[PDB]
$ cat query_17.pdb   # PDB, C-alpha atoms (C1' of nucleotides)
ATOM      1  CA  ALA A  80     -24.375   7.401  14.301  1.00  0.00           C
ATOM      2  CA  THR A  81     -23.430   7.334  10.611  1.00  0.00           C
ATOM      3  CA  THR A  82     -25.504   8.385   7.613  1.00  0.00           C
ATOM      4  CA  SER A  83     -26.195   5.883   4.860  1.00  0.00           C
ATOM      5  CA  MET A  84     -25.465   8.198   1.974  1.00  0.00           C
ATOM      6  CA  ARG A  85     -26.780   7.727  -1.579  1.00  0.00           C
ATOM      7  CA  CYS A  86     -26.113  10.219  -4.372  1.00  0.00           C
ATOM      8  CA  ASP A  87     -26.910  10.209  -8.061  1.00  0.00           C
ATOM      9  CA  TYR A  88     -23.597  10.449  -9.938  1.00  0.00           C
ATOM     10  CA  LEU A  89     -24.299  11.768 -13.432  1.00  0.00           C
ATOM     11  CA  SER A  90     -20.808  11.244 -14.797  1.00  0.00           C
ATOM     12  CA  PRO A  91     -19.678  12.703 -18.136  1.00  0.00           C
ATOM     13  CA  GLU A  92     -20.306   9.287 -19.685  1.00  0.00           C
ATOM     14  CA  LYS A  93     -23.900   9.399 -18.459  1.00  0.00           C
ATOM     15  CA  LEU A  94     -24.109  13.013 -19.672  1.00  0.00           C
ATOM     16  CA  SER A  95     -23.008  12.317 -23.231  1.00  0.00           C
ATOM     17  CA  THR A  96     -24.676  11.999 -26.616  1.00  0.00           C
ATOM     18  CA  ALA A  97     -23.226   8.490 -26.929  1.00  0.00           C
ATOM     19  CA  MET A  98     -25.833   7.348 -24.382  1.00  0.00           C
ATOM     20  CA  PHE A  99     -28.933   9.387 -25.310  1.00  0.00           C
ATOM     21  CA  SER A 100     -30.212  12.197 -27.555  1.00  0.00           C
ATOM     22  CA  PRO A 101     -30.717  15.506 -25.711  1.00  0.00           C
ATOM     23  CA  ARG A 102     -33.050  18.036 -27.262  1.00  0.00           C
ATOM     24  CA  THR A 103     -30.998  20.524 -29.274  1.00  0.00           C
ATOM     25  CA  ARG A 104     -31.342  24.277 -29.775  1.00  0.00           C
ATOM     26  CA  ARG A 105     -28.889  26.350 -31.836  1.00  0.00           C
ATOM     27  CA  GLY A 106     -26.978  23.086 -32.213  1.00  0.00           C
ATOM     28  CA  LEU A 107     -26.280  23.109 -28.459  1.00  0.00           C
ATOM     29  CA  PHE A 108     -27.425  20.258 -26.231  1.00  0.00           C
ATOM     30  CA  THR A 109     -29.740  21.357 -23.428  1.00  0.00           C
ATOM     31  CA  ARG A 110     -27.811  20.564 -20.258  1.00  0.00           C
ATOM     32  CA  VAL A 111     -29.590  18.545 -17.589  1.00  0.00           C
ATOM     33  CA  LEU A 112     -30.714  20.612 -14.602  1.00  0.00           C
ATOM     34  CA  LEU A 113     -29.041  18.620 -11.835  1.00  0.00           C
ATOM     35  CA  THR A 114     -29.552  21.360  -9.235  1.00  0.00           C
ATOM     36  CA  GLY A 115     -33.212  20.404  -8.820  1.00  0.00           C
ATOM     37  CA  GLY A 116     -36.411  19.227 -10.403  1.00  0.00           C
ATOM     38  CA  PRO A 117     -37.423  15.745 -11.547  1.00  0.00           C
ATOM     39  CA  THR A 118     -33.889  15.221 -12.936  1.00  0.00           C
ATOM     40  CA  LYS A 119     -31.882  16.331  -9.905  1.00  0.00           C
ATOM     41  CA  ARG A 120     -28.922  14.731  -8.132  1.00  0.00           C
ATOM     42  CA  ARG A 121     -30.888  13.017  -5.379  1.00  0.00           C
ATOM     43  CA  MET A 122     -28.873  13.360  -2.153  1.00  0.00           C
ATOM     44  CA  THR A 123     -30.783  10.798  -0.137  1.00  0.00           C
ATOM     45  CA  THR A 124     -29.285  10.536   3.349  1.00  0.00           C
ATOM     46  CA  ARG A 125     -30.681   8.126   5.929  1.00  0.00           C
ATOM     47  CA  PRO A 126     -29.709   7.546   9.560  1.00  0.00           C
ATOM     48  CA  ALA A 127     -27.761   4.393  10.280  1.00  0.00           C
ATOM     49  CA  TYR A 128     -26.351   2.827  13.424  1.00  0.00           C
ATOM     50  CA  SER A 129     -22.777   1.531  13.241  1.00  0.00           C
ATOM     51  CA  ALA A 130     -22.234  -1.010  16.001  1.00  0.00           C
ATOM     52  CA  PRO A 131     -19.408  -3.565  15.945  1.00  0.00           C
ATOM     53  CA  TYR A 132     -21.862  -6.490  16.055  1.00  0.00           C
ATOM     54  CA  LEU A 133     -25.493  -7.336  15.383  1.00  0.00           C
ATOM     55  CA  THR A 134     -27.456  -9.924  17.345  1.00  0.00           C
ATOM     56  CA  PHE A 135     -30.767 -11.755  17.125  1.00  0.00           C
ATOM     57  CA  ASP A 136     -32.395 -14.580  19.072  1.00  0.00           C
ATOM     58  CA  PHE A 137     -34.644 -17.182  17.502  1.00  0.00           C
ATOM     59  CA  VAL A 138     -36.162 -20.630  17.976  1.00  0.00           C
ATOM     60  CA  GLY A 139     -35.252 -22.309  14.703  1.00  0.00           C
ATOM     61  CA  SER A 140     -32.940 -24.705  12.911  1.00  0.00           C
ATOM     62  CA  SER A 141     -29.321 -23.626  13.312  1.00  0.00           C
ATOM     63  CA  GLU A 142     -28.220 -25.357  10.099  1.00  0.00           C
ATOM     64  CA  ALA A 143     -30.671 -23.622   7.769  1.00  0.00           C
ATOM     65  CA  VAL A 144     -30.183 -20.176   9.292  1.00  0.00           C
ATOM     66  CA  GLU A 145     -26.390 -20.562   9.203  1.00  0.00           C
ATOM     67  CA  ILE A 146     -26.552 -21.519   5.526  1.00  0.00           C
ATOM     68  CA  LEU A 147     -28.930 -18.681   4.673  1.00  0.00           C
ATOM     69  CA  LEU A 148     -27.121 -15.910   6.538  1.00  0.00           C
ATOM     70  CA  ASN A 149     -23.739 -17.035   5.206  1.00  0.00           C
ATOM     71  CA  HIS A 150     -24.775 -17.564   1.567  1.00  0.00           C
ATOM     72  CA  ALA A 151     -28.024 -15.662   0.991  1.00  0.00           C
ATOM     73  CA  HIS A 152     -27.702 -12.009  -0.026  1.00  0.00           C
ATOM     74  CA  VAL A 153     -29.393 -10.635   3.088  1.00  0.00           C
ATOM     75  CA  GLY A 154     -28.351  -7.844   5.431  1.00  0.00           C
ATOM     76  CA  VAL A 155     -29.678  -6.026   8.473  1.00  0.00           C
ATOM     77  CA  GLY A 156     -31.435  -2.725   7.856  1.00  0.00           C
ATOM     78  CA  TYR A 157     -33.576  -0.953   5.313  1.00  0.00           C
TER
ATOM     79  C1'   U B   1     -35.811  -6.780   6.874  1.00  0.00           C
ATOM     80  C1'   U B   2     -41.624  -1.550   7.626  1.00  0.00           C
ATOM     81  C1'   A B   3     -39.902  -1.264   0.894  1.00  0.00           C
ATOM     82  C1'   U B   4     -39.048  -0.551  -4.384  1.00  0.00           C
ATOM     83  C1'   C B   5     -34.871   4.305  -7.106  1.00  0.00           C
ATOM     84  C1'   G B   6     -29.253   7.108  -6.568  1.00  0.00           C
ATOM     85  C1'   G B   7     -20.877   5.371  -8.570  1.00  0.00           C
ATOM     86  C1'   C B   8     -19.706  11.446  -5.348  1.00  0.00           C
ATOM     87  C1'   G B   9     -16.882  13.204  -8.777  1.00  0.00           C
ATOM     88  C1'   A B  10     -13.428  15.726 -11.131  1.00  0.00           C
ATOM     89  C1'   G B  11      -6.579  18.849 -10.783  1.00  0.00           C
ATOM     90  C1'   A B  12      -2.120  18.852  -8.889  1.00  0.00           C
ATOM     91  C1'   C B  13       5.819  16.266  -9.849  1.00  0.00           C
ATOM     92  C1'   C B  14       6.937  18.375  -3.374  1.00  0.00           C
ATOM     93  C1'   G B  15      11.353  19.548  -4.909  1.00  0.00           C
ATOM     94  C1'   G B  16      15.425  22.012  -4.092  1.00  0.00           C
ATOM     95  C1'   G B  17      22.407  21.312  -0.657  1.00  0.00           C
ATOM     96  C1'   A B  18      25.934  18.589   1.301  1.00  0.00           C
ATOM     97  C1'   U B  19      32.905  14.003   0.301  1.00  0.00           C
ATOM     98  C1'   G B  20      31.923  11.808   6.713  1.00  0.00           C
ATOM     99  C1'   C B  21      36.679  11.935   7.027  1.00  0.00           C
ATOM    100  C1'   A B  22      40.554  12.086   9.630  1.00  0.00           C
ATOM    101  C1'   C B  23      46.005   7.174  13.046  1.00  0.00           C
ATOM    102  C1'   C B  24      47.537   2.353  13.652  1.00  0.00           C
ATOM    103  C1'   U B  25      53.336  -3.189  10.865  1.00  0.00           C
ATOM    104  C1'   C B  26      50.073  -8.071  14.606  1.00  0.00           C
ATOM    105  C1'   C B  27      54.377  -9.994  15.362  1.00  0.00           C
ATOM    106  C1'   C B  28      56.624 -12.793  18.445  1.00  0.00           C
ATOM    107  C1'   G B  29      59.529 -19.628  18.379  1.00  0.00           C
ATOM    108  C1'   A B  30      60.568 -24.194  16.374  1.00  0.00           C
ATOM    109  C1'   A B  31      65.336 -29.214  12.050  1.00  0.00           C
ATOM    110  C1'   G B  32      59.449 -33.871  11.300  1.00  0.00           C
ATOM    111  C1'   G B  33      63.088 -36.943  11.686  1.00  0.00           C
ATOM    112  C1'   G B  34      64.370 -42.742  11.043  1.00  0.00           C
ATOM    113  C1'   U B  35      63.664 -48.381   8.779  1.00  0.00           C
ATOM    114  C1'   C B  36      64.646 -52.037   4.857  1.00  0.00           C
ATOM    115  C1'   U B  37      70.611 -55.024  -2.860  1.00  0.00           C
TER
END
$ encode --input "query_17.pdb" --output "structure tokens"
Amino acid sequence: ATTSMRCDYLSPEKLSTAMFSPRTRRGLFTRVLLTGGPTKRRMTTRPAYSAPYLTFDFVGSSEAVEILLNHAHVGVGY
RNA sequence: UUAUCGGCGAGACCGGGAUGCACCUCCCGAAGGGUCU
């Protein structure tokens, strides 16, 4: 049982005037409220199952599925 | 692929002391000699 863990990382480069124009008051740039709201650091955590192998059964062409699973950008999960 | 999206990140000397040294003979024997203006 491991948690697939996705976090917004608003680095200093992201939080810089070189990348956008924050609204200014007193000449100070209004810092982004990352603690919550529509502009928060989304800490999305999902359950995930970490087994050493995955398995499926299927009635299909072995060549095409081998090629797809080896070369197509497809994984197992959400 | 039961949906759609999300860098985890930022800072730090690990360093400071030490002799490894103190004792031993490797020696003991022999003819390389004889053939051709």
$ atom_distance --input "query_17.pdb" --atom1 "CA of residue 86 in chain A" --atom2 "CA of residue 149 in chain A"
29.0 Å
$ closest_atom_pairs --input "query_17.pdb" --of "chain A" --to "chain B" --cutoff "7 Å" --atoms "all atoms listed in the file" --output "tab-separated table"
residue	atom	partner	partner_atom	distance
A:85	CA	B:6	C1'	5.6
A:86	CA	B:6	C1'	4.9
A:87	CA	B:6	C1'	4.2
A:88	CA	B:7	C1'	5.9
A:121	CA	B:6	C1'	6.2
A:155	CA	B:1	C1'	6.4
A:156	CA	B:1	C1'	6.0
A:157	CA	B:1	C1'	6.4
$ resolve_selection --input "query_17.pdb" --expression "the PyMOL selection byres ((chain A and resi 106-115) around 12)" --output "ChimeraX atom specification"
/A:86-91,93-96,99-105,116-122
$ axis_aligned_box --input "query_17.pdb" --around "range 83-97 of chain A" --padding-each-side "4 Å" --output "AutoDock Vina command-line options"
--center_x -23.3 --center_y 9.4 --center_z -11.0 --size_x 15.2 --size_y 15.1 --size_z 39.8
$ atom_distance --input "query_17.pdb" --atom1 "CA of residue 84 in chain A" --atom2 "CA of residue 151 in chain A"
24.0 Å
$ build_atoms --input "query_17.pdb" --residues "range 82-103 of chain A" --atoms "N, CA and C atoms" --output "PDB file, in the coordinates of the input"
ATOM      1  N   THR A  82     -24.434   8.170   8.576  1.00  0.00           N
ATOM      2  CA  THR A  82     -25.504   8.385   7.613  1.00  0.00           C
ATOM      3  C   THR A  82     -25.275   7.513   6.387  1.00  0.00           C
ATOM      4  N   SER A  83     -26.226   6.627   6.108  1.00  0.00           N
ATOM      5  CA  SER A  83     -26.195   5.883   4.860  1.00  0.00           C
ATOM      6  C   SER A  83     -26.514   6.863   3.743  1.00  0.00           C
ATOM      7  N   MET A  84     -25.565   7.024   2.831  1.00  0.00           N
ATOM      8  CA  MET A  84     -25.465   8.198   1.974  1.00  0.00           C
ATOM      9  C   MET A  84     -25.490   7.758   0.517  1.00  0.00           C
ATOM     10  N   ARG A  85     -26.565   8.112  -0.192  1.00  0.00           N
ATOM     11  CA  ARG A  85     -26.780   7.727  -1.579  1.00  0.00           C
ATOM     12  C   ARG A  85     -26.925   8.978  -2.431  1.00  0.00           C
ATOM     13  N   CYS A  86     -26.102   9.078  -3.470  1.00  0.00           N
ATOM     14  CA  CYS A  86     -26.113  10.219  -4.372  1.00  0.00           C
ATOM     15  C   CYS A  86     -26.144   9.750  -5.815  1.00  0.00           C
ATOM     16  N   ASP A  87     -26.966  10.407  -6.621  1.00  0.00           N
ATOM     17  CA  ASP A  87     -26.910  10.209  -8.061  1.00  0.00           C
ATOM     18  C   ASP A  87     -25.611  10.796  -8.591  1.00  0.00           C
ATOM     19  N   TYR A  88     -24.870  10.013  -9.368  1.00  0.00           N
ATOM     20  CA  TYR A  88     -23.597  10.449  -9.938  1.00  0.00           C
ATOM     21  C   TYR A  88     -23.748  10.454 -11.452  1.00  0.00           C
ATOM     22  N   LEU A  89     -24.160  11.597 -11.990  1.00  0.00           N
ATOM     23  CA  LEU A  89     -24.299  11.768 -13.432  1.00  0.00           C
ATOM     24  C   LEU A  89     -22.927  12.114 -13.989  1.00  0.00           C
ATOM     25  N   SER A  90     -22.157  11.076 -14.298  1.00  0.00           N
ATOM     26  CA  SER A  90     -20.808  11.244 -14.797  1.00  0.00           C
ATOM     27  C   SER A  90     -20.845  11.790 -16.218  1.00  0.00           C
ATOM     28  N   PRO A  91     -19.705  12.254 -16.736  1.00  0.00           N
ATOM     29  CA  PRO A  91     -19.678  12.703 -18.136  1.00  0.00           C
ATOM     30  C   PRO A  91     -20.119  11.630 -19.109  1.00  0.00           C
ATOM     31  N   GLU A  92     -19.839  10.359 -18.813  1.00  0.00           N
ATOM     32  CA  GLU A  92     -20.306   9.287 -19.685  1.00  0.00           C
ATOM     33  C   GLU A  92     -21.825   9.216 -19.688  1.00  0.00           C
ATOM     34  N   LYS A  93     -22.444   9.339 -18.513  1.00  0.00           N
ATOM     35  CA  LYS A  93     -23.900   9.399 -18.459  1.00  0.00           C
ATOM     36  C   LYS A  93     -24.416  10.631 -19.185  1.00  0.00           C
ATOM     37  N   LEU A  94     -23.740  11.764 -19.008  1.00  0.00           N
ATOM     38  CA  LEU A  94     -24.109  13.013 -19.672  1.00  0.00           C
ATOM     39  C   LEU A  94     -23.321  13.149 -20.975  1.00  0.00           C
ATOM     40  N   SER A  95     -23.658  12.286 -21.931  1.00  0.00           N
ATOM     41  CA  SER A  95     -23.008  12.317 -23.231  1.00  0.00           C
ATOM     42  C   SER A  95     -23.988  11.857 -24.297  1.00  0.00           C
ATOM     43  N   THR A  96     -23.803  12.375 -25.513  1.00  0.00           N
ATOM     44  CA  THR A  96     -24.676  11.999 -26.616  1.00  0.00           C
ATOM     45  C   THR A  96     -24.508  10.543 -27.022  1.00  0.00           C
ATOM     46  N   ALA A  97     -23.409   9.901 -26.621  1.00  0.00           N
ATOM     47  CA  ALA A  97     -23.226   8.490 -26.929  1.00  0.00           C
ATOM     48  C   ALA A  97     -24.258   7.614 -26.238  1.00  0.00           C
ATOM     49  N   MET A  98     -24.909   8.124 -25.190  1.00  0.00           N
ATOM     50  CA  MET A  98     -25.833   7.348 -24.382  1.00  0.00           C
ATOM     51  C   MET A  98     -27.290   7.743 -24.572  1.00  0.00           C
ATOM     52  N   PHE A  99     -27.565   8.946 -25.066  1.00  0.00           N
ATOM     53  CA  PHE A  99     -28.933   9.387 -25.310  1.00  0.00           C
ATOM     54  C   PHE A  99     -28.886  10.618 -26.207  1.00  0.00           C
ATOM     55  N   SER A 100     -30.068  11.089 -26.611  1.00  0.00           N
ATOM     56  CA  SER A 100     -30.212  12.197 -27.555  1.00  0.00           C
ATOM     57  C   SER A 100     -30.872  13.380 -26.859  1.00  0.00           C
ATOM     58  N   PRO A 101     -30.101  14.314 -26.304  1.00  0.00           N
ATOM     59  CA  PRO A 101     -30.717  15.506 -25.711  1.00  0.00           C
ATOM     60  C   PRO A 101     -31.364  16.381 -26.769  1.00  0.00           C
ATOM     61  N   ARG A 102     -32.428  17.071 -26.368  1.00  0.00           N
ATOM     62  CA  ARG A 102     -33.050  18.036 -27.262  1.00  0.00           C
ATOM     63  C   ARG A 102     -32.074  19.173 -27.539  1.00  0.00           C
ATOM     64  N   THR A 103     -32.004  19.584 -28.801  1.00  0.00           N
ATOM     65  CA  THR A 103     -30.998  20.524 -29.274  1.00  0.00           C
ATOM     66  C   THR A 103     -31.638  21.844 -29.683  1.00  0.00           C
TER      67      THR A 103
END
